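Down below is the structure, laid out as structure tokens.
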Amino acid sequence: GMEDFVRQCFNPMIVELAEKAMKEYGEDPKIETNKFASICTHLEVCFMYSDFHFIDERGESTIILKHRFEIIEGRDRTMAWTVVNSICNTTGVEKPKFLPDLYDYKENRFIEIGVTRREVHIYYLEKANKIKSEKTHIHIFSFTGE
Amino acid sequence: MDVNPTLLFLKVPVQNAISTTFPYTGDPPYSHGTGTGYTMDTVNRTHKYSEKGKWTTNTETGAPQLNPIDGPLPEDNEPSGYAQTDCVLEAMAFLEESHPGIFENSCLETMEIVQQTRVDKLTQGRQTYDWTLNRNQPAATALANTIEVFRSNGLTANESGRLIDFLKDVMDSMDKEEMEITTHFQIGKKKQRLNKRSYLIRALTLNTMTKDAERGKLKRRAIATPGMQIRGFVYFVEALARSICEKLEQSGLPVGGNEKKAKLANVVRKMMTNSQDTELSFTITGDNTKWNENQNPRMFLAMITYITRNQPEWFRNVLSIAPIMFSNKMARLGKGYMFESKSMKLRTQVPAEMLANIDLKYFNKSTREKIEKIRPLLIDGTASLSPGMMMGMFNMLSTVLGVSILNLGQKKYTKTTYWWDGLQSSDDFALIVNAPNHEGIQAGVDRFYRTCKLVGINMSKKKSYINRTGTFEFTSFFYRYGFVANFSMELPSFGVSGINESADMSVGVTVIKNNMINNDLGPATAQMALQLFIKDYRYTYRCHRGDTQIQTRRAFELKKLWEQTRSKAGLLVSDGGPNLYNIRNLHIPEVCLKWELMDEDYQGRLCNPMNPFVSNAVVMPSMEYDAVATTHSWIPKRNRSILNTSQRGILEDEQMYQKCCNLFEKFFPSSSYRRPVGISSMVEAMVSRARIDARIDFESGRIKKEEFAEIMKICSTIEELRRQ
Amino acid sequence: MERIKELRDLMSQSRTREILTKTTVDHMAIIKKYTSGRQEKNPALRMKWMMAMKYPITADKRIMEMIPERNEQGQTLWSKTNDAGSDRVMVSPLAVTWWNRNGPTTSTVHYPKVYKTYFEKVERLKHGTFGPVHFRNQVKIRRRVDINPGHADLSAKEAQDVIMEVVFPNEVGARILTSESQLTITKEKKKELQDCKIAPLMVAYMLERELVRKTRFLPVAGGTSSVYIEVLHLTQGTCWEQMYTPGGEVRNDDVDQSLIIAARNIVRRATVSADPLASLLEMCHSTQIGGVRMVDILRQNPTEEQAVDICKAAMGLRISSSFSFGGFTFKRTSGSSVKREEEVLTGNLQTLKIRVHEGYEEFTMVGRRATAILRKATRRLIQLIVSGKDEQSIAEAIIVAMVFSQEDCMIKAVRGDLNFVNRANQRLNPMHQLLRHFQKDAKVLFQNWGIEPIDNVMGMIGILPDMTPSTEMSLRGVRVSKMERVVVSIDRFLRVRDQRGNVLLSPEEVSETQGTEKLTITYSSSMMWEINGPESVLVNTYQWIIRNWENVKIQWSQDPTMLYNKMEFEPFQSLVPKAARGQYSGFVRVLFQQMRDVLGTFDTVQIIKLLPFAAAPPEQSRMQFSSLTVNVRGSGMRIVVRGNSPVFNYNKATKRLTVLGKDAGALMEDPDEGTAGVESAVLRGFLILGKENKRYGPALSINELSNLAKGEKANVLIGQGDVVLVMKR
RNA sequence: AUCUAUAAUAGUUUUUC
RNA sequence: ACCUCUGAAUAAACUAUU
RNA sequence: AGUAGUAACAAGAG
Ligand SMILES: *O[C@H]1[C@@H](O)[C@H](n2cnc3c(N)ncnc32)O[C@@H]1COP(=O)(O)OP(=O)(O)OP(=O)(O)OC[C@H]1O[C@@H](n2c[n+](C)c3c(=O)[nH]c(N)nc32)[C@H](O)[C@@H]1O
Ligand SMILES: [Mg+2]
Ligand SMILES: [Mg+2]
């Protein structure tokens with residue numbers, strides 16, 4: 001019954017993006033419902049992170065033009081890697097070994113967003129060991145407000 | 001004196017003049033009418049080879065199915081399909097015991113292949129039996145129709161792009177109560193709604209036809225075209241069989257050409273060296289009688305089950321689907337027959353779908369007997385064919401079975417003073433038997449024959465012979481202490497291939513060079529072959545020399561081009577120039593061979609990218625046998641027979657497909673070089689690429705803010721149009 | 001802007017919008033191959049049929065404005081009829097040949113750049129040098145040769161990734177170039193193709209022609225490099241060889257490989273001569289490698305190899321007593337070895353023979369990124385002291401040292417489907433296979449090697465199986481540290497001694513592998529096959545016996561000693577196993593002597609078959625031989641003393657002698673041939689009288705004939721499944 | 001020393017009474 | 001009857017070329 | 001009639 005709640009609560013765009021992301025790797029949203037909810041929450045967090053942000057003519061952060069963040073989540077691996085490669089080539093930023101979630105133009109770095117049901121620190125250490133990069137920024141949320 | 005060419009073999013050994021025995025200068029035999037007679041003969045013969053088996057009625061299709069597995073052991077030397085399942089499992093077990101880890105490693109490689117293969121693998125091939133039209137279609141067209149039908153029926157797991165997801169969609173379609181399709185007629189579209197059993201019969205159906213242009217056969221034979229539902233499963237099973245065969249020394253597949261000859265020679269010499277000097281050695285030039293009409297899909301399922309032991313369940317299921325579908329297969333009968341009335345001087349086509357309940361007075365005696373024998377099997381316009389592998393399918397799994405039977409011939413298994421080994425390629429084999437005396441040789445041959453009978457393999461006695469080891473024949477390769485040259489096999493390749501002028505010139509010279517390297521084509525004969533090819537090339541393309549008066553429609557233009565040229569040697573043969581090829585420069589493209597002899601303006605016109613015949617730039621249109629594209633790389637016309645049919649909307653559809661594909665290539669330059677991958681739609685991918693590129697161009701200052709805003713506005717308009 | 005406007009146009013139309021929305025990128029390939037069906041079955045017949053049509057050729061609709069409808073003679077050049085499934089129009093070949101004489105002319109100056117490979121072929125043929133044509137007994141062998149060399153230190157996939165990086169930087173996906181070769185080539189081609197004005201697809205195809213290796217199996221004689229393969233039709237035939245040298249610049253690695261092959265062949269052949277040094281010198285002065293004299297190459301080639309160094313020392317050149325193994329230059333500071341073949345069982349349950357070096361030895365390892373000192377005994381690593389640069393360099397050095405040590409732990413550490421034969425069932429070098437296997441994944445090797453506590457000597461660090469610098473326990477016998485030619489004298493028997501007097505090299509140290517040359521090796525002497533491969537050596541030896549059968553027969557009848565000492569048999573004797581040369585020679589000489597004393601038992605074929613084995617110094621033993629072994633590509637191929645054999649089969653119907661499947665010539669029947677079925681050159685001390693004779697009990701074996709005495713007739717199972725009556729003189 | 005790129009096209013091989 | 005259209009793509013493995 | 005050979009062509013479709 002998780003899928004019914006996921007479709008009822010999350011808005012249709014995020015649901016479609018999560019369904020596409022799961023189908024890309026053969027997963028069925030009807031069967032894998034916990035993963036469905038996880039991906040929907042991850043996409044919702046990333047889109048809340050990105051939206052309502054712009055860059056002025058000077059080049060500093062502003063809140064309401066070009067958006068401050070380039071969204072890499074919610075795309076198939078081909079387009080996501082196209083965006084990552086193009087940004088790295090045009091900006092000189094180091095190319096990550098794994099697909100990040102956002103690119104921040106102001107800080108000129110990649111951001112790896114994480115939403116965790118466990119405590120923040122263990123998941124943060126897991127992601128830090130996984131990527132093996134000191135440049136890819138990591139930002140971890142939690143359902144408990146940590 | 002009466003001339004007897006055959007007497008040449010009295011002095012020249014037959015293997016050294018084996019080219020004389022291939023009459024490949026005349027036209028090959030063809031099939032003129034229907035293939036229904038041959039298909040019915042094949043079905044009747046396949047069921048006759050298994051007639052003592054158990055009869056059942058399929059609960060899902062209603063088709064009568066004959067099961068010869070574990071049937072009575074034969075008492076004679078007639079062909080039979082009564083393979084014993086325990087014997088096949090024991091052969092697999094001993095093959096695994098002689099090569100530890102072969103099945104495990106093959107399964108690992110095949111698991112990787114299964115997980116990584118994309119759906120567009122199915123487009124590789126000429127024709128696929130389209131169940132939505134009950135006839136053959138181009139593989140890409142059949143796949144597109146199947147995907148469209150599945151999408152209209154809510155079967156969209158193939159959108160991932162993986163082949164295994166397409167197979168999941170096929171399995172899900174098998175459970176749909178009703179499958180809907182679309183039909184055209186004299187040109188409107190009509191919806192047809194199949195039921196569960198009708199769709200199931202269509203999905204298990206293989207098309208049949210006759211084989212045209214086959215050498216060395218007096219009588220014609222039937223061939224099969226697999227449908228869209230089974231192709232992926234057969235591909236995965238054959239991938240596993242290929243992984244197994246690559247690890248087997250006796251396998252004749254999948255190695256071809258000089259590599260195959262070297263492998264076979266090394267294996268034969270290793271067998272000779274391992275043989276003791278104090279024992280006899282005999283080799284059997286062996287064929288099998290009706291290998292594919294006696295092998296059973298149930299035994300292939302058993303082999304796959306033994307091979308995939310201790311594997312994940314999904315892998316076993318995806319490998320097992322193909323034998324299961326093949327043991328429930330139906331065969332299309334074909335075109336039918338034509339009836340001629342002599343008195344009323346009329347002829348008419350009788351469809352094969354009416355043979356179920358047609359009066360038998362029209363047919364002759366033999367056809368009437370065929371129809372009487374096959375009528376119980378007929379269902380829904382097809383024939384139930386449970387036993388047998390139809391035609392040219394599962395060749396490498398057959399090779400695996402044959403190699404297991406060969407492997408059963410080690411002394412640890414024979415447990416006597418004789419032993420055997422040899423080569424296996426699908427159904428053809430060669431066998432080497434060692435024994436202290438002739439009695440042991442006879443005993444070993446008998447044991448091999450009886451073991452093959454046990455696993456359902458019938459050695460063709462009338463097409464096999466045995467002699468002292470040192471000469472044999474295997475897969476049309478003639479071995480006389482080593483493989484001999486056979487020029488007649490490659491003789492039909494010489495000539496104008498029929499691509500275009502440049503490609504045909506390249507093919508001619510490359511064929512001459514390759515036959516010099518491989519088939520012992522001597523230098524003098526190579527020069528004469530070059531002369532003959534040039535003559536045929538000039539006659540075919542109306543491109544004789546400018547300084548000749550051969551009256552053709554093209555002769556005036558070539559005369560004009562010849563007159564105005566200053567350096568005649570620089571002109572291509574396609575333009576009426578001379579032939580500069582000899583033995584030393586057979587490997588060099590013609591345009592490059594005489595590049596420095598060309599006039600500047602003639603060369604500029606010939607290699608002009610702005611010419612209408614080929615789609616600082618260079619001429620580009622798939623440039624096989626065409627190193628440098630010129631105006632001679634044109635494309636001939638397509639067949640226009642489809643304009644008289646109801647499928648003439650496919651032309652407009654493919655025109656729009658090409659338009660969309662070229663527009664997409666305008667956004668992803670590497671798409672033509674390497675095939676793009678992705679689950680997103682074409683418009684979505686193009687819009688995302690346009691947005692990221694516009695942002696980067698603005699950031700690097702290549703475009704100004706106004707153009708960026710215009711691109712963003714057009715992208716927003718496209719997004720709005722996308723939903724509506 | 002144009003792209004987005006065209007896309008907006010397509011999204012406005014209903015059908016194109018449906019295609020663009022419902023088709024994913026994966027299905028774009030399917031719709032790209034989508035067609036109504038090109039009914040092409042016999043393209044040759046179809047082309048012959050279409051060339052009789054008025055307009056068999058399609059062209060773009062711009063031809064109606066670029067080419068007139070009719071020429072001067074009024075012949076029509078194009079029609080307004082459209083091709084099926086397209087907007088292209090139907091045109092005549094007259095339109096193409098009209099364009100080639102009246103069309104607009106562009107600048108074709110970039111064509112040699114875009115198609116550099118084909119014009120490179122043209123230049124190589126243009127500046128090539130042709131030598132004489134020699135009619136010989138060619139022996140071609142099916143081997144993997146390269147037809148497109150591509151780049152040396154690249155594979156097809158690595159080359160493709162490099163091409164994608166160079167041409168399509170934003171389409172590379174997730175690939176990151178790791179190999180230093182890839183980074184170097186990528187930078188070089190990016191700089192070279194900077195500000196290039198060619199279409200990116202064409203640039204990618206150029207880089208594919210330049211960088212992508214392609215190898216195929218072909219029946220090849222002579223050099224196997226690309227420059228020789230492309231002219232293989234010209235240079236090699238069934239009965240002739242055309243001397244030819246390509247006109248371009250020759251790669252130096254090919255020169256090194258061919259020099260190694262030639263030096264090994266020359267040294268192995270010279271070892272069996274009476275004076276090895278003089279034979280080696282006269283062979284090195286008569287040898288050419290790719291149109292270049294061998295002596296000049298030796299004077300200007302820094303190649304570390306045993307046979308190459310022996311050849312250098314024979315000519316007074318300074319040598320470096322070194323060799324290569326797994327990308328490192330080894331040098332034996334002290335110790336000695338004797339090779340010995342030992343059969344071992346691999347970790348993945350494979351049985352193979354490995355050349356095991358006995359004795360205790362010490363070495364120094366030098367590599368482009370690491371350096372080590374190695375001490376070892378027979379299949380046992382005493383200690384290894386690596387002083388590499390980074391973690392991966394030290395890991396590679398440790399792996400190479402472990403494989404070199406021939407440790408049984410290393411053998412048992414093999415996992416997976418590691419094959420030790422070629423895809424064409426050609427035996428591979430076991431050490432190379434072990435190196436390539438453990439250089440892919442060496443976790444199991446390090447796990448099974450063991451561990452050992454360190455005593456903290458000089459501060460040299462330890463190493464753990466997961467490549468960490470421990471200070472308490474390390475890999476067994478492995479320690480981690482931190483970061484010249486010599487005048488020699490060569491003996492008459494090719495024994496190289498340093499100035500002090502210690503032995504540095506010897507013929508026994510020369511590898512027994514029989515490889516093939518990248519560049520054609522031309523040898524100019526009486527026997528052009530004297531340093532050829534084993535198959536050519538055997539075929540040409542027996543053909544030499546056949547051609548010279550008259551005087552050879554006379555000498556065999558009168559003065560056998562000089563016949564056995566012919567220089568022509570020495571290339572053959574280089575194939576007989578060293579330990580068995582004397583035994584075979586003595587056995588064959590006794591057979592010949594019995595054949596002379598028993599008149600009428602004169603089998604010509606027997607003498608021809610057994611003569612080359614009598615060229616060695618005889619050793620007298622009572623052992624009987626039913627077959628004599630000859631090393632051909634690593635496998636001992638037997639020649640059966642009685643009856644035909646895989647190496648040697650004589651056909652009585654054709655009177656034609658075939659060796660290894662190659663015709664060697666036709667014999668002529670002698671008047672003194674024995675047309676009585678009596679054989680005297682099959683058993684060392686027994687004369688074959690006739691067929692089976694049941695009077696003398698059961699048949700026995702050849703290896704149990706010592707108990708028999710003078711005149712004791714018996715039945716022996718000599719040969720392939722035959723029993724005959726033999727008697728003792 | 002190793003050495004199945006990918007793809008397209010053509011060609012070759014693969015029979016009961 | 002005029003008129004109009006049209007001249008016909010098995011499977012697998014391999015080889016060659018791009 | 002002829003081609004041809006286990007079934008066709010000796011024009012087909014609109
Ligand atoms: O392509 C072949 C050869 O030409 C090429 N090669 C050889 N040398 C060079 C150099 N110097 N530069 C570039 N290329 C070179 O490498 C290929 C060698 O193939 P193959 O002939 O089959 O191998 P080889 O017979 O040389 O044996 P290999 O395994 O490579 O070992 C080489 C060398 O090492 C000696 N060796 C091994 N072991 C374990 C030894 C030992 O324990 N003790 C001593 N004293 N020597 C040992 C081998 O016997 C050879 O001498
Ligand atoms: Mg992510
Ligand atoms: Mg056969």
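All residue names refer to the structure tokens as shown: chains lettered A, B, ... in order, residues numbered from 1 in each chain, ligands numbered from 1 in order.
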**Report entry** Residues of range 662-722 of chain B in helix (DSSP H, G or I), written as a PyMOL selection string
**Finding:** chain B and resi 662-665+669-671+682-700+705-722
Report task. Taking only C-alpha atoms (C1' of nucleotides) and all ligand atoms into account, report as a ChimeraX atom specification which residues have an atom no farther than 7 Å from an atom of ligand 1. Result -> /C:253,256-257,260-261,303-306,323-325,332,336-337,356-357,404-406,429,431-432,509-513,515 /D:1
Report summary line: One residue among B:259, B:669, B:441, B:516 is nearest to residue 15 in chain E when using only C-alpha atoms (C1' of nucleotides), and that residue is B:259
**Report entry** Selection near residue 571 in chain C, 7 Å with only C-alpha atoms (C1' of nucleotides), sequence-local residues under 6 positions removed, as a PyMOL selection string
**Finding:** chain C and resi 269+530+537
Once you count only C-alpha atoms (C1' of nucleotides) and all ligand atoms, what closest atom pair and distance in Å to one decimal does each residue of chain D within 12 Å of ligand 3 have, with rows by chain and rising residue number, as a Markdown table?
```
| residue | atom | partner | partner_atom_place_in_ligand_line | distance |
| --- | --- | --- | --- | --- |
| D:13 | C1' | ligand 3 | 1 (Mg) | 11.5 |
| D:14 | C1' | ligand 3 | 1 (Mg) | 9.6 |
| D:15 | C1' | ligand 3 | 1 (Mg) | 11.5 |
```
Kindly export the residues of the current selection with N, CA, C and O atoms (P, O5', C5', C4', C3', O3' and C1' of nucleotides), as a PDB file, in the first residue's frame.
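Ended up saving to again_23.pdb:
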```pdb
ATOM      1  P     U D  13      28.956 -22.039 -50.104  1.00  0.00           P
ATOM      2  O5'   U D  13      28.990 -22.740 -48.678  1.00  0.00           O
ATOM      3  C5'   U D  13      30.151 -23.421 -48.230  1.00  0.00           C
ATOM      4  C4'   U D  13      30.089 -23.689 -46.751  1.00  0.00           C
ATOM      5  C3'   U D  13      28.870 -24.453 -46.265  1.00  0.00           C
ATOM      6  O3'   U D  13      28.985 -25.851 -46.451  1.00  0.00           O
ATOM      7  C1'   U D  13      29.221 -22.578 -44.882  1.00  0.00           C
ATOM      8  P     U D  14      27.762 -26.684 -47.072  1.00  0.00           P
ATOM      9  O5'   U D  14      26.813 -26.957 -45.826  1.00  0.00           O
ATOM     10  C5'   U D  14      27.267 -27.725 -44.723  1.00  0.00           C
ATOM     11  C4'   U D  14      26.499 -27.398 -43.468  1.00  0.00           C
ATOM     12  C3'   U D  14      24.998 -27.613 -43.520  1.00  0.00           C
ATOM     13  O3'   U D  14      24.621 -28.968 -43.364  1.00  0.00           O
ATOM     14  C1'   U D  14      25.453 -25.518 -42.541  1.00  0.00           C
ATOM     15  P     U D  15      17.988 -30.434 -43.526  1.00  0.00           P
ATOM     16  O5'   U D  15      18.658 -31.843 -43.831  1.00  0.00           O
ATOM     17  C5'   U D  15      19.744 -31.944 -44.737  1.00  0.00           C
ATOM     18  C4'   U D  15      19.387 -32.786 -45.934  1.00  0.00           C
ATOM     19  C3'   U D  15      19.879 -34.225 -45.916  1.00  0.00           C
ATOM     20  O3'   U D  15      19.062 -35.093 -45.152  1.00  0.00           O
ATOM     21  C1'   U D  15      20.386 -33.252 -48.002  1.00  0.00           C
TER      22        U D  15
END
```
**Report entry** 7 Å shell around ligand 2 using only C-alpha atoms (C1' of nucleotides) and all ligand atoms, listed as a ChimeraX atom specification
**Finding:** /A:73,99-101
**Report entry** Polymer residues at most 10 Å from residue 10 in chain E, only C-alpha atoms (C1' of nucleotides), same-chain spacing of 6 or more positions, as a PyMOL selection string
**Finding:** chain B and resi 125-129+136+207-212+222-226+391-392
Write out, as CSV, each residue of chain C that has an atom at most 10 Å from chain E, together with the closest pair of atoms and their distance in Å to one decimal, counting only C-alpha atoms (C1' of nucleotides), rows going by chain and rising number.
```
residue,atom,partner,partner_atom,distance
C:36,CA,E:9,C1',9.9
C:37,CA,E:9,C1',6.2
C:38,CA,E:9,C1',5.7
C:39,CA,E:9,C1',4.0
C:40,CA,E:9,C1',5.4
C:41,CA,E:9,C1',6.2
C:42,CA,E:9,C1',9.9
C:49,CA,E:7,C1',9.9
C:205,CA,E:18,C1',9.6
C:209,CA,E:18,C1',9.9
```
Output of the above residues as a short mmCIF file (atom, residue, chain, number, x, y, z; two decimals), in the first residue's frame, restricted to N, CA and C atoms:
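Final output, result20.cif:
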```
data_model
loop_
_atom_site.label_atom_id
_atom_site.label_comp_id
_atom_site.auth_asym_id
_atom_site.auth_seq_id
_atom_site.Cartn_x
_atom_site.Cartn_y
_atom_site.Cartn_z
N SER C 36 10.37 0.20 -44.77
CA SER C 36 9.29 -0.55 -45.39
C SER C 36 9.75 -1.91 -45.90
N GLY C 37 11.06 -2.13 -46.01
CA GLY C 37 11.58 -3.37 -46.52
C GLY C 37 12.30 -3.20 -47.84
N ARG C 38 13.63 -3.25 -47.79
CA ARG C 38 14.45 -3.16 -49.00
C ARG C 38 14.58 -4.57 -49.56
N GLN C 39 13.78 -4.86 -50.59
CA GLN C 39 13.69 -6.22 -51.14
C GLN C 39 14.93 -6.51 -51.98
N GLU C 40 16.06 -6.63 -51.29
CA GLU C 40 17.35 -6.93 -51.90
C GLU C 40 17.76 -8.33 -51.48
N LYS C 41 17.81 -9.24 -52.44
CA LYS C 41 18.23 -10.62 -52.20
C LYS C 41 19.44 -11.02 -53.02
N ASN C 42 19.50 -10.62 -54.28
CA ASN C 42 20.64 -10.89 -55.15
C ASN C 42 21.13 -9.55 -55.69
N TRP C 49 20.27 -5.73 -63.52
CA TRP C 49 18.93 -5.45 -64.03
C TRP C 49 18.64 -3.96 -64.03
N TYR C 205 36.26 9.17 -37.45
CA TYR C 205 36.64 8.07 -38.34
C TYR C 205 38.13 8.09 -38.65
N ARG C 209 40.75 5.08 -37.84
CA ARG C 209 41.73 4.51 -38.75
C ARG C 209 43.14 4.60 -38.19
#
```
Report task. With a cut-off of 8 Å and counting only C-alpha atoms (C1' of nucleotides), select all residues of chain F in contact with chain B and give the selection as a list in words. Result -> residues 7, 8, 13 and 14 of chain F
Where does chain D meet chain C within 12 Å, residue by residue, with the nearest atom pair and distance in Å to one decimal for each, counting only C-alpha atoms (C1' of nucleotides), listed by chain and rising number, as JSON lines?
```
{"residue": "D:1", "atom": "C1'", "partner": "C:432", "partner_atom": "CA", "distance": 6.4}
{"residue": "D:2", "atom": "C1'", "partner": "C:436", "partner_atom": "CA", "distance": 8.0}
{"residue": "D:3", "atom": "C1'", "partner": "C:215", "partner_atom": "CA", "distance": 7.3}
{"residue": "D:4", "atom": "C1'", "partner": "C:423", "partner_atom": "CA", "distance": 9.2}
{"residue": "D:5", "atom": "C1'", "partner": "C:156", "partner_atom": "CA", "distance": 5.0}
{"residue": "D:6", "atom": "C1'", "partner": "C:157", "partner_atom": "CA", "distance": 8.9}
{"residue": "D:7", "atom": "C1'", "partner": "C:29", "partner_atom": "CA", "distance": 11.5}
{"residue": "D:8", "atom": "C1'", "partner": "C:33", "partner_atom": "CA", "distance": 10.6}
{"residue": "D:9", "atom": "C1'", "partner": "C:43", "partner_atom": "CA", "distance": 10.8}
{"residue": "D:10", "atom": "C1'", "partner": "C:43", "partner_atom": "CA", "distance": 8.3}
{"residue": "D:11", "atom": "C1'", "partner": "C:43", "partner_atom": "CA", "distance": 10.7}
```
Requested in this report: For range 547-559 of chain C, please output as a list in words all residues within 8 Å (counting only C-alpha atoms (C1' of nucleotides); exclusion window: fewer than 4 positions along the same chain).
Outcome: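 Listed by chain and then number, they are residues 543, 563, 596 and 665 of chain C.
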Please produce an output containing N, CA and C atoms for each residue in the selection, written as an mmCIF file, in the first residue's frame.
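Saved to selection-v5.cif:
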```
data_model
loop_
_atom_site.group_PDB
_atom_site.id
_atom_site.type_symbol
_atom_site.label_atom_id
_atom_site.label_comp_id
_atom_site.auth_asym_id
_atom_site.auth_seq_id
_atom_site.Cartn_x
_atom_site.Cartn_y
_atom_site.Cartn_z
ATOM 1 N N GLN C 543 63.225 -32.542 -48.429
ATOM 2 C CA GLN C 543 63.299 -32.224 -49.851
ATOM 3 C C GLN C 543 64.742 -32.173 -50.332
ATOM 4 N N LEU C 563 78.591 -38.540 -44.984
ATOM 5 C CA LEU C 563 77.177 -38.245 -45.190
ATOM 6 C C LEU C 563 76.519 -37.768 -43.904
ATOM 7 N N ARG C 596 73.022 -52.381 -44.395
ATOM 8 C CA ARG C 596 74.081 -52.608 -45.375
ATOM 9 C C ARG C 596 74.488 -54.074 -45.429
ATOM 10 N N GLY C 665 58.360 -33.874 -52.658
ATOM 11 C CA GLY C 665 58.928 -34.392 -53.883
ATOM 12 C C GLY C 665 58.629 -35.859 -54.089
#
```
Report task. Write out as a VMD selection string each polymer residue whose atoms come within 8 Å of range 77-94 of chain A, counting only C-alpha atoms (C1' of nucleotides); drop sequence neighbours fewer than 2 positions from it. Result -> (chain A and resid 72 to 73 75 96 99 108 to 109 135) or (chain B and resid 677 to 678 685 688 to 689 692 696 700) or (chain C and resid 169 to 174)
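Using only C-alpha atoms (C1' of nucleotides), the residues found no farther than 10 Å from residue 561 in chain C, other than those of its own chain fewer than 6 positions away, are residues 555, 589, 614 and 615 of chain C.
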Report task. Residues of chain B no more than 6 Å from chain E, counting only C-alpha atoms (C1' of nucleotides): send them over as a ChimeraX atom specification. Result -> /B:225,254,256,392,623-625,641
**Report entry** strand (DSSP E or B) per DSSP on the backbone: members of range 195-295 of chain C, as a list in words
**Finding:** residues 214, 215, 216, 217, 218, 219, 220, 236, 240, 241, 242, 243, 244, 245, 287, 288, 289, 292 and 293 of chain C
